[PDB]
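Residue numbers (the entry's author numbering), protein chains in the order written: chain B, 1 to 25; chain A, 1 to 25; chain B', 1 to 25; chain A', 1 to 25. A prime marks a further copy of an entry chain.
Don't be surprised by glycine CBs; every beta carbon is placed ideally from N, CA and C.
To keep things clear, I will list the structure first and then write my remarks on it.
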């Protein structure tokens, strides 16, 4: 409903930050 | 300096999302 | 329970990013 | 360049959290 939708959005943000840290370093 | 400090803050936010996902699930 | 807890955590992350953007610019 | 692009990505993530808070509530 919105539990899985949110979870998915959280892990997409975690992964975008992982990526942005690989860009900076 | 500037880069190292930004890198560490991005890691901190990534780690909070990692914890939020566990709290959600 | 966890609806308000999550909401609060989301707005803290939004505010940390606002802050980090004021640091960069 | 480097700064402008990082600034814009931080703004994009901030805007996603802004939207998630509305979806949660």
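Give me the Cβ distance between residue 7 of chain B and residue 25 of chain A, rounded to the nearest whole Å; I'm assuming they're in contact under 8 Å.
-> Locating residue 7 of chain B in the first chain gives position 7, counting from the first residue. Locating residue 25 of chain A in the second chain gives position 25, counting from the first residue. About 6 Å separates the two Cβ atoms, so the contact holds.
Rounded Cβ spacing between residue 20 of chain A' and residue 11 of chain B (contact assumed at less than 8 Å) | Residue numbering aside, residue 20 of chain A' sits at position 20 when the fourth chain is read from its first letter. Residue numbering aside, residue 11 of chain B sits at position 11 when the first chain is read from its first letter. No, residue 20 of chain A' and residue 11 of chain B are not in contact; Cβ-Cβ is about 13 Å, not under 8 Å.
Inter-residue Cα distance where the pair is residue 23 of chain A' and residue 2 of chain B | Here residue 23 of chain A' is taken as the residue at index 23 of the fourth chain, counted from 1. Here residue 2 of chain B is taken as the residue at index 2 of the first chain, counted from 1. Going from the Cα of residue 23 of chain A' to the Cα of residue 2 of chain B covers about 8 Å.
Listed by chain order, chain A' residues near residue 11 of chain B' by CB distance under 7 Å | For the purposes of this step, residue 11 of chain B' is taken as residue 11 along the third chain, with counting starting at 1. 21, listed in chain order.
Go through its chain and collect everything with a Cβ distance to residue 16 of chain A's Cβ below 6 Å, but skip five positions before and after it.
-> For the purposes of this step, residue 16 of chain A is identified with residue 16 of the second chain, where counting begins at 1. Contacts found: none.
Spatial neighbours of residue 14 of chain A in its chain, beta-carbon cut-off 6 Å, leaving aside the 5 residues before and after | Locating residue 14 of chain A in the second chain gives position 14, counting from the first residue. The beta carbon of residue 14 of chain A sits closer than 6 Å to none of the beta carbons in its chain outside the five residues before and after it.
Do you know how far the Cα of residue 5 of chain B' is from the Cα of residue 5 of chain A'?
-> The residue given as residue 5 of chain A' occupies position 5 in the fourth chain. The residue given as residue 5 of chain B' occupies position 5 in the third chain. Between residue 5 of chain A' and residue 5 of chain B', the C-alpha separation is close to 32 Å.
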